[PDB]
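Take a look at this single chain, the form solved without this ligand, given in structure tokens.
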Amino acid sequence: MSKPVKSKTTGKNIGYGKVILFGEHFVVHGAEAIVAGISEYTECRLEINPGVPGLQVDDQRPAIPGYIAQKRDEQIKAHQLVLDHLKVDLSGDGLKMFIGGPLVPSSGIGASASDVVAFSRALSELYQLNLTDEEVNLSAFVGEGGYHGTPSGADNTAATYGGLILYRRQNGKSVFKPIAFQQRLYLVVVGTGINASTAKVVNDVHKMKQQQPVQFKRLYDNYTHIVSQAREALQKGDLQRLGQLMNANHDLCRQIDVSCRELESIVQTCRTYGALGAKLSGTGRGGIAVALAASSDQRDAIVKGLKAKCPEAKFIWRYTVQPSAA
């Protein structure tokens, strides 16, 4: 068992949020996906709790209403998975856990991964485990097993590493590599307030493929062209084109029946107010959408326009993706 070396963490142990820029659903069928680990993060602080067994959680994240209550049981399992994985024993002296950071937990933003990532990092600090990024990512992956199934890996990987990430099922598992990019991405992410079941939607997509092998294959190849071009746009630093491609991607998502009225309303208003591109992000049929802005100022216009004109935009967040290099 790991014995605690420090009495209190003093570092900044965080896990980044996540949005899928390209390729939700199509990735299941072998397409490349672009996932963005955002700057906005969840932080975990730990200290010893002498004489008091177990893990005391003081969850102060700015989560949407009801989110923390509704995820608590899964969180309990998630945290215990990480403790067991890291060989941490809280049966004598326990730990007080404070959870913070500016990330807003809500369906679609990868918050559960940000949680287990931040936790793994703080444990590494307190127990002086010197976890590598790979080791943290695995710990997060194990812990993500405590939230409702199933982890592909993209959420923990974005939360651990941040930045842009190429995500594909290769050769027969999830494969991830970083994407070099020299420009800030100014994002508006919007929550619908509607919860979707990944497993259920993904299986609906499988069924459509079984019912329409030739049509599906058409949409799938249509996708592969967009992502190819998206990679180009990024290497060039061409954000207008990147935005147009996001629009094209949303269009394809509508054609596999994973959008909804609320998502459509949001994306229409984002484009109206000058988004370079806008699309559902992740599972669809609820959850979040993401818009790309050309600057911080034009983001102010999109947020203003959503608030005045789109009642379906229940929660509006300004998030950013950091450039990998100068």
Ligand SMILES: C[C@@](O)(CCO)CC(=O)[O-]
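Note that residue numbering follows the sequence shown and begins at 1.
The form deposited with this ligand bound exists for this protein as well; it is not shown, and the discussion that follows is about that form.
Peer 1: Residue-level contact is defined here as any heavy atom of the residue lying within 4.5 Å of this ligand in the deposited bound form; does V57 satisfy this criterion?
Peer 2: Taking the distances in the deposited bound form, the answer for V57 is no, it never comes within 4.5 Å of this ligand.
Peer 1: Within 4.5 Å, heavy atoms only: does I302 come near this ligand in the deposited bound form?
Peer 2: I302: no contact with this ligand in the deposited bound form.
Peer 1: Counting only non-hydrogen atoms and a 4.5 angstroms cut-off, does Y186 reach this ligand in the deposited bound form?
Peer 2: So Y186 does not count as contacting this ligand.
Peer 1: Is the gap between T283 and this ligand in the deposited bound form 4.5 Å or less for some heavy atom pair?
Peer 2: Yes, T283 is a contact residue.
Peer 1: From the list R241, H206, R169, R254, which entry has a heavy atom within 4.5 Å of this ligand in the deposited bound form?
Peer 2: The residue from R241, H206, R169, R254 that makes the contact is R169.
Peer 1: Going by heavy atom distances of 4.5 angstroms or less, which of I64, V28, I48, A294 would be at the interface with this ligand in the deposited bound form?
Peer 2: Result of the distance check: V28.
Peer 1: Which among 228-236, 75-83, 196-204, 127-135 is in contact with this ligand in the deposited bound form, heavy atoms within 4.5 angstroms?
Peer 2: Heavy atoms within 4.5 Å of this ligand in the deposited bound form occur in 196-204.
Peer 1: Taking only heavy atoms into account, state which residues of 130-160 are within 4.5 Å of this ligand in the deposited bound form, ordered by sequence.
Peer 2: Heavy-atom contacts within 4.5 Å come from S152 alone.
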